[PDB]
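I have placed the structure first, in the form of structure tokens, so that the comments after it can refer back to it.
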There are 2 protein chains.
Amino acid sequence: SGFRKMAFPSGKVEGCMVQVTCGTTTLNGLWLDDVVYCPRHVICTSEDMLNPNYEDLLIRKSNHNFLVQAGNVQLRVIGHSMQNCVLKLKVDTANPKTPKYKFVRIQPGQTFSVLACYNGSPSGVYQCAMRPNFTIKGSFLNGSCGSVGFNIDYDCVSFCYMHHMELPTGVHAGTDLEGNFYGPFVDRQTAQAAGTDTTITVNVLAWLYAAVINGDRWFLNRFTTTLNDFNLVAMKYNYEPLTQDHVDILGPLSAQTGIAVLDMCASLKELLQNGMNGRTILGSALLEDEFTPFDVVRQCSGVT
Amino acid sequence: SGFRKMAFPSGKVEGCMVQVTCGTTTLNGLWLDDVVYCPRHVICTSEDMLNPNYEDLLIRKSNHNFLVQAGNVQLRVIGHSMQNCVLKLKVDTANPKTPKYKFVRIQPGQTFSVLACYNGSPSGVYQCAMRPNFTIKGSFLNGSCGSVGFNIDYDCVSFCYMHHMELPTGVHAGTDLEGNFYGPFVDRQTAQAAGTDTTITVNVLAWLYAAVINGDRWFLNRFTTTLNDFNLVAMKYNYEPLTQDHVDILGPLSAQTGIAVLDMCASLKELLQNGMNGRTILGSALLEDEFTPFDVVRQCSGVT
Ligand SMILES: CCNc1ccc(C#N)cn1
Ligand SMILES: CCNc1ccc(C#N)cn1
């Protein structure tokens, strides 16, 4: 019993973190096979970040201008290329700790673990979700860029995020490992406001299922609803609209608790219209939306 | 910016997890140098757990009765001893991934990371605190016993917890790595009620400091208080009494924000007497107490 915000074990990713230094700027890189991936803004001065032309700045950068350190050993850079907003440094040594891996671009509402790193050294691991406005709410200080987000299926790491920047509102933006930003963000020291940070309804419902399984049952109500009726309430409270695809995904949790998805919706409707009233669910006074239905099943079944 | 419930990177501990099987019971063990540590209840049938005599049950157990598997390789057990509530299986192979380590017995209110494991395989990592009633609120399914709690200082793992059991209220009890339970709990299938789960006041204050640093400032009030006045309110709200030792520990956070510890107390006093009023602090609608002053400094300074 018990239900925790749980990250994936980090060791497989720890074995891939390196330090990348281009002149004055140090951040983190991800070393898989014989390529190191890092944010392309490692080539910039603070002055360059105002309106950078990355292809222009890169003309002045040679293989020997990219210092890569793995632990306290130097790697030899034998090629480099830009791909969207990331650099790919080819090194002459395959990472001998390279796990099975994939690069995946996640959808908003999907969760992942972040291995926060500084100078190529792991500091901590936490669980994030891709918000509906394509920001994440992380914990990143100066030097954390190039820290990565990932999911693990048994022994395969699916890397889904690389950290690039902090908006003036202190939320976070980054790229997939092809270097494409999530959302509309750009790697420049310019005005970038995030859109509405709506609540990930399907994840809230998953977590309510997680709750009931753990006996935290007080919020269960005598009502049902319909998708359309629920969505009128969702829209009012800045929740994502629930679709039948979300209902289908919650099916296994419905099947476990014998609480029909629309019943759990009608109960969420009451939590939204009446608040917790100083009560808590799984140790939270707000409705938690950074567990996916898959996360709830995984944690409640003890997948390794 | 941003402030997350962060676990230590888990790889150093991942490299120490093994599966221990004694007849029908499988759980996890911790392999350091040439000893595997596990809960002594691995020797018991479900029937044995009603009123077990561990020294009596152990007479019937020889070295070859303890199956230890590290990945998919068997370890040869060349000795075993009981120490309090843990078994120590001597194996003929030093764990080649043994990190620098210590065994520490933590105090209530101290936080640690848990590497939840099943069949010797890591499933997830999360941050816990030793509660004032010597329980932890974990996420542990059947098979998770022998999962460990730890802190890391640079490259030294301080192991502080091994998971043994779940109370009927679904909170968790375990031992240090000398096999001594935290709190009054015993490894038996018997009535064990936890005491008052009071709030760890010094940790709440640390987290309020973490908040102000991140600009989440609305709760800052025009008041100060005294330790004695604050403690009258603490006692009412089932908070731990604040001592000068706690004030001393919060000194560095006081020094950063220019908010005197007693000012932050007077502000906590108002959050306690008036609630959040539907407002949030660092994404929480309750006052978070599983960050220590050390955690806040560590996370806010990016220690690796
Ligand atoms: C002056 C530093 N400002 C920065 C740094 C990195 C990024 C990105 N991506 C944007 N602005
Ligand atoms: C029937 C299983 N019940 C158990 C198992 C482990 C412990 C401990 N420690 C207590 N009860």
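By convention in this document, chain letters (A, B, ...) are assigned in the order of the sequence lines, proteins followed by strands, and residues within each chain are numbered from 1. Excluded from the calculations below are hydrogen atoms, water molecules and symmetry mates; all remaining heavy atoms, backbone and side chain alike, are included.
- B/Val202 places none of its side-chain heavy atoms less than 4.5 Å from the side chain of B/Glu240.
- Using a distance-only test at 3.5 Å, with no hydrogens or angles considered, a donor-acceptor pair links the side chain of B/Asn133 to the main chain of B/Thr135.
- At a threshold of 4.5 Å between non-hydrogen side-chain atoms, the residues A/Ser123 and B/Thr304 count as touching.
- Taking a 6.0 Å sphere around CZ of B/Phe294, one finds it holds 12 or fewer heavy atoms contributed by other residues, nucleotides or ligands.
- A donor-acceptor pair under 3.5 Å links the side-chain atoms of B/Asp295 to the main chain of B/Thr292, judged by distance alone.
- Partners of B/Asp197 according to the salt bridge (charged side-chain N to carboxylate O under 4.0 Å, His left out) rule, which considers only residues two or more places apart in sequence or in another chain, are B/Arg131, B/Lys137.
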For this session: Determine, stepwise, if the pair B/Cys300 / B/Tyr209 fulfils side-chain contact (heavy atoms from CB on, under 4.5 Å).
Result: CA-CA 10 Å; B/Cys300 292; B/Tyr209 280 109; over 6 Å; no
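- Using the six-membered ring where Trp is involved, B/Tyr126 and B/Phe140 have ring planes that are perpendicular, over 60° apart on the 30 and 60° scheme.
- B/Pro39 has its side chain within reach of B/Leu27: a pair of non-hydrogen atoms, C-beta onward, lies under 4.5 Å apart.
- Ring-centre distance between B/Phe159 and B/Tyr37: not below the 6.0 Å cut-off.
- To the nearest 0.5 Å, atoms OG1 (B/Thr198) and CE (B/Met235) are separated by 11.0 Å.
- Dense packing is recorded around CG of B/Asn53, with more than 12 heavy atoms of other residues, nucleotides or ligands lying under 6.0 Å away.
- Closest heavy-atom contact between B/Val157 and B/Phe150: CG1-CB, 3.8 Å.
- Residue B/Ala129 comes nearest to B/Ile136 through the heavy atom pair O-CG2, 3.7 Å, listed as atom of the first residue, atom of the second, then distance.
- At least one donor-acceptor pair closer than 3.5 Å links the side chain of B/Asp176 to the backbone N or O of B/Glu178.
- Put simply, the side chain of B/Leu242 reaches to within 4.5 Å of the side chain of B/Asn231, judged on heavy atoms.
- With B/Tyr182 contributing its side chain and B/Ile106 its backbone, the two residues share a donor-acceptor pair below 3.5 Å.
- Within a 6.0 Å sphere centred on CD of B/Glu47, heavy atoms belonging to other residues, nucleotides or ligands number 12 at most.
- Annotation for B/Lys61: atom NZ counts as buried by contact number, over 12 foreign heavy atoms lying within 6.0 Å.
- Here the side chain of A/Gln74 pairs a donor or acceptor atom with the backbone of A/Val68 at under 3.5 angstrom.
- Judged by distance alone, the side chains of B/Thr21 and B/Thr26 do bring a donor and an acceptor atom under 3.5 Å apart.
- Side chains of B/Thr111 and B/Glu290: no donor on one and acceptor on the other come within 3.5 Å.
- Proximity of a side-chain donor or acceptor of B/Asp34 to a complementary backbone N or O of B/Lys90 within less than 3.5 Å is not detected.
- Among all heavy-atom pairs drawn from B/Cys16 and B/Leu32, the shortest one is SG-CD2, 3.5 Å.
- The number of heavy-atom neighbours closer than 6.0 Å to CZ of A/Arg217, taken from other residues, nucleotides and ligands shown, is 12 or below.
- Minimum heavy-atom separation, B/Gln127 to B/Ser113: OE1-OG, 2.6 Å.
- One N or O on the side chain of B/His172 and one on the backbone of A/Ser1 form a donor-acceptor pair closer than 3.5 Å.
- Applying the 6.0 Å contact sphere to CZ of B/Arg76 captures no more than 12 heavy atoms from other residues, nucleotides or ligands.
- A distance-only check finds no donor-acceptor pair linking the side chain of A/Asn28 to the backbone of A/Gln19 [under 3.5 Å].
- We find the CD1-CG distance between B/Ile78 and B/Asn63 to be 8.0 Å, quoted to the nearest 0.5 Å.
- Residues B/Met6 and B/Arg298 form no side-chain contact, since every pair of their non-hydrogen atoms from C-beta on lies 4.5 Å or further apart.
- In this structure, the side chains of B/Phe291 and B/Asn203 stay at 4.5 Å or more apart for every pair of heavy atoms.
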For this session: Decide side-chain contact (heavy atoms from CB on, under 4.5 Å) for A/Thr257 and A/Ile213; before the verdict, give the C-alpha distance in whole Å, the side-chain angles of both, and the deciding distance to 0.1 Å.
Result: CA-CA 7 Å; A/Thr257 59; A/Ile213 285 165; 3.7 Å; yes
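- Between B/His80 and B/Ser62, the shortest heavy-atom distance links the atoms CE1-C, 3.9 Å.
- Other residues, nucleotides and ligands contribute more than 12 heavy atoms inside 6.0 Å of the CD atom of B/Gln83.
- Applying the side-chain hydrogen bond (donor to acceptor under 3.5 Å, both in side chains) criterion to A/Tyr101, with sequence neighbours excluded, gives A/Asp33.
- Without hydrogens or angle criteria, B/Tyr161 side chain to B/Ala173 main chain gives a donor-acceptor distance under 3.5 Å.
- Applying the side chain to side chain donor-acceptor pair (under 3.5 Å) test to every pair with at least one member in residues 147-158 of chain B, sequence neighbours left out, gives these pairs: B/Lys100-B/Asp155.
- Under a 3.5 Å cut-off, the side chain of B/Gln110 and the backbone N or O of B/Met130 do not form any donor-acceptor pair.
- Between the CG atom in B/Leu177 and the NZ atom in B/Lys88 there is a gap of 10.0 Å [rounded to 0.5 Å].
- Counting heavy atoms from C-beta outward, B/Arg105 and B/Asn180 have side chains that approach closer than 4.5 Å.
- Between the CG atom of B/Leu268 and the OG1 atom of B/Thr201 there is a distance of 7.0 Å, given to the nearest 0.5 Å.
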Exercise. Run the side-chain contact (heavy atoms from CB on, under 4.5 Å) check on B/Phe66 and B/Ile43 step by step: do they pass?
Worked result: CA-CA 9 Å; B/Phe66 298 93; B/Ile43 68 183; 3.7 Å; yes
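- In this structure, the side chains of B/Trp31 and B/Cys38 stay at 4.5 Å or more apart for every pair of heavy atoms.
- Geometrically, B/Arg188 does not engage B/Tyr54 in a cation-pi contact defined by less than 6.0 Å to the ring centre and at most 45° from the axis.
- Note that NZ of B/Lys12 is 7.0 Å distant from CD1 of B/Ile152, once rounded to the nearest 0.5 Å.
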For this session: Go through the steps for B/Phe185 and B/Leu167 under the test side-chain contact (heavy atoms from CB on, under 4.5 Å), then give the verdict.
Result: CA-CA 9 Å; B/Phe185 302 113; B/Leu167 303 193; 3.6 Å; yes
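- Taking each heavy atom of B/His164 and B/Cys85 in turn, the nearest pair found is CE1-O, 3.2 Å.
- The distance from the CG atom of B/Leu30 to the SG atom of B/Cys117 is 9.5 Å, given to the nearest 0.5 Å.
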